[PDB]
Structure formats: C-alpha cells, structure tokens
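Laboratory data are not the source of any read-out in this text; all were calculated from the coordinates shown. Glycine gets a Cβ as well: all are built from the backbone with ideal geometry, and neighbour counts include every protein chain shown.
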C-alpha cells in the first residue's frame, strides 16, 4: 500500500538524523582526548563532562529513532 | 506502541508517585551522617587565680 510505502520512506528519512549524533560523539571524544593530553591531572573530572556531553548527543539521536519507530509501529 | 496505551497510565503514575516521594524519601531520611568526633583538648574555664 502507498501508506505502508510512505511509512518505510519516512522511517529511512527520520533515521538519517542519526548522523548528527555520530558526529557529535566524534567531536566530544576527540575534544576529551585533546583536553586530557593537555591537563592529564584532571582526567577523572574531564571524563565526567565527556559522558554528559555524550549523554546529550545520543539524546538528540534518540529522538530521530523515536519518530522512526513511532512511524514504523505506532503509525 | 504500548507506551501510547492511555488506558494503563494511572497504574504507572500512582505507584511511582508513592515510591519516589514517600518511601524513598523516608529511606533517605533514616540515613543520617553524624558530625565527626572532635574531642576538644582545649576547654577550661578557670577563673583568674583568685588573688
């Protein structure tokens, strides 16, 4: 059906939006590497922020996948 | 999507409201941290030598 078809298309489209989270975690962990290479005494503390940074990047990524499934199954 | 089943929402809301605001808060309130023992080796109200 055209409905089911458009569900598949919109699912793939909404899935595209995970590239943002991919690049976001890339940047976060790259910056963590640099910041640790500079001031290693703060490693522990720095790591904390990293996780938090990560925890929000994946956040947005999640929303994408959300619509994906919320179109694939709930609609 | 089962999350959207608005029929069974209160059976999730109520026990959470009970355990997050009453039980857990109590189990915390029982956990107390006494101030550290501070034996004061300087406390002596000795009046001026009588004189």
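Potential lengthening of the chain between residue A:9 and residue A:38 amounts to 5.9 nm, from the contour at 0.36 nm per residue minus the alpha-carbon distance. Neighbouring Cβ atoms from other chains, within 10 Å of the Cβ of residues in A:52-63, number 0 on average. The long axis of helix A:43-72 is offset from the longest Cα principal axis of chain A by roughly 0 degrees. Between helix A:19-38 and chain A there is an angle of about 0 degrees, using the helix long axis and the longest principal axis of the Cα atoms. For chain B, the normalised intensity computed at q = 0.21, 0.23, 0.25, 0.27 Å⁻¹ comes to -0.88, -0.92, -0.97, -1.02 (log10 of I(q)/I(0), Debye sum over alpha carbons, equal scatterers, no solvent). Rounded to whole Å, the principal axis extents of the Cα atoms in the range A:2-73 read 59, 15, 9, largest first. For the protein assembly as shown, pairs of C-alpha atoms spaced more than 20 angstrom apart make up 74 percent of the total. Taking every alpha-carbon pair within the range A:1-40, the share separated by more than 13 Å comes to 65 percent. Per residue, the average separation of C-alpha pairs within less than 8 Å and at least 6 apart gives chain A a relative contact order of 54 percent.
If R0 is taken as 22 Å, the Cβ-Cβ distance between residue A:59 and residue B:13 corresponds to a FRET efficiency of 0.40. In the elastic network of chain A, a GNM with C-alpha springs shorter than 10 Å, the most mobile of A:55, A:13, A:37 is A:37.
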